[PDB]
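Per the entry's author numbering, the sequence shown starts with residue 1, numbered consecutively.
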Amino acid sequence: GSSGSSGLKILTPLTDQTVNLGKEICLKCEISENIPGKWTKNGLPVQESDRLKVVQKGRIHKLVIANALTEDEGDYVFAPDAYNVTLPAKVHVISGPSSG
């Protein structure tokens, strides 16, 4: 999908993930290249923290959350720090006893 002087082939793109409130979020994606990338939610630079840890394995980016918070519900998007490619993703969180 050459668009702008790029040539990255998405081997294993992100897959829609749906879990209940609290569950441990997970998002793994592979690419035909070995380069670092960043994640973005609802069009914003996701924040990192003890709970939020972005693990990377060679040509694969993994992302899991300690507790699936309501905020999670939205649209996740990842992109390499070398190319201008973007991998869209959908997620949903089920309500629970923890509300109000």
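Beta carbons are placed, not taken as given, at the ideal position from N, Cα and C, and that holds for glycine.
query, result
"Buried or exposed by the 16-neighbour rule on C-beta atoms within 10 Å, applied to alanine 82", "exposed"
"Short Cβ contact (9 Å threshold) for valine 55 with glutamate 24", "no"
"Beta-carbon contacts of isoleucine 35 that lie in its chain and below 7 Å, excluding the five residues immediately before and after", "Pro80, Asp81, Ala82"
"Distance CB(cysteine 29)-CB(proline 13) smaller than 9 Å", "yes"
"Cβ shell of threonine 18 (< 6 Å), same chain only, five flanking positions each side left out", "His92"
"Euclidean distance between Cα positions of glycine 43 and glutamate 71", "14 Å"
"Local Cβ density within 10 Å of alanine 66, reported as buried at 16 or more and exposed below that", "exposed"
"Residues of its chain near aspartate 16, where Cβ-Cβ distance is below 6 Å and the 5 sequence neighbours each way are ignored", "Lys90"
"Endpoints, the beta strand (DSSP E) within which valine 64 is located", "60-65"
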